[PDB]
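K.L.:
An experimental structure, sequence included, is below.
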Amino acid sequence: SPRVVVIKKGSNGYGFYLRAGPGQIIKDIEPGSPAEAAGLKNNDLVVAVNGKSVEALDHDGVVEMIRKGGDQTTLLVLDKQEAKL
């Protein structure tokens, strides 16, 4: 399920980790972080950064796109749609 998450960088960054999924996925959102306030979710899959696709881009390339944006990042993400029932 897709959405656009704008996050303003704080004094200690955005407050999430980025690593390869089972693409690059969000992990370990820090409580009280800009990422948490922006509604980013653990296991969100990053499909674009600042309007640019991350297709076939490696981990370092995705991280660099995020850093190049300076004090803000706009992530297009797909939530993991696996429900525990």
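P.N.:
Good, I have the coordinates. Numbers count the residues shown, from 1 in each chain.

K.L.:
Show me what residue 78 is bridged to.
P.N.:
Note on residue 78: beta-bridge partners residue 2, residue 45, judged by DSSP bridges.

K.L.:
Enumerate every residue touching it.
P.N.:
1-2, 44-45, 47 (CB atoms under 8 Å, 6 or more residues apart in numbering). Using the backbone N, CA and C atoms, a C-beta is placed for each residue, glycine as well.

K.L.:
Can you give me the neighbour number for the residue lying closest to residue 28 once chain neighbours are set aside?
P.N.:
Nearest non-adjacent residue to residue 28, counting by CB to CB, 6 or more residues apart in numbering: residue 17, 4.7 Å away. Residue 17 has 13 neighbours, counted by other CB atoms under 10 Å.

K.L.:
so residue 17 sits right up against residue 33, yeah?
P.N.:
No: using CB atoms under 8 Å, residue 17 is not in contact with residue 33, being 11.0 Å away.

K.L.:
who's in contact with stretch 18-32?
P.N.:
15-17, 35-36, 40-47, 54, 59, 62-63, 66, 77.

K.L.:
rerun at 7 Å
P.N.:
The list of residues contacting stretch 18-32 from outside it, by CB atoms under 7 Å, 6 or more residues apart in numbering, reads 15-17, 35-36, 40-46, 54, 59, 62-63.

K.L.:
For the helix or strand containing residue 75, what is the distance to the chain centroid?
P.N.:
Element membership of residue 75, judged by DSSP states H and E, is strand 72-78. Distance of strand 72-78 from its chain centroid, counting by CA atoms, centre = their mean, to the nearest Å, is 6 Å.

K.L.:
in it, what's buried?
P.N.:
When burial is assessed from 16 or more other CB atoms under 10 Å, strand 72-78 yields the following buried residues: 73-77.

K.L.:
now the residues you listed in TSV, with distance to residue 11?
P.N.:
Below are these laid out as TSV (distance: CB to CB, whole Å):
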residue	distance to residue 11
73	15
74	20
75	20
76	26
77	24
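
K.L.:
buried subset of the contacts of residue 78?
P.N.:
The buried subset of the contacts of residue 78 - by 16+ other CB under 10 Å - is 44-45.
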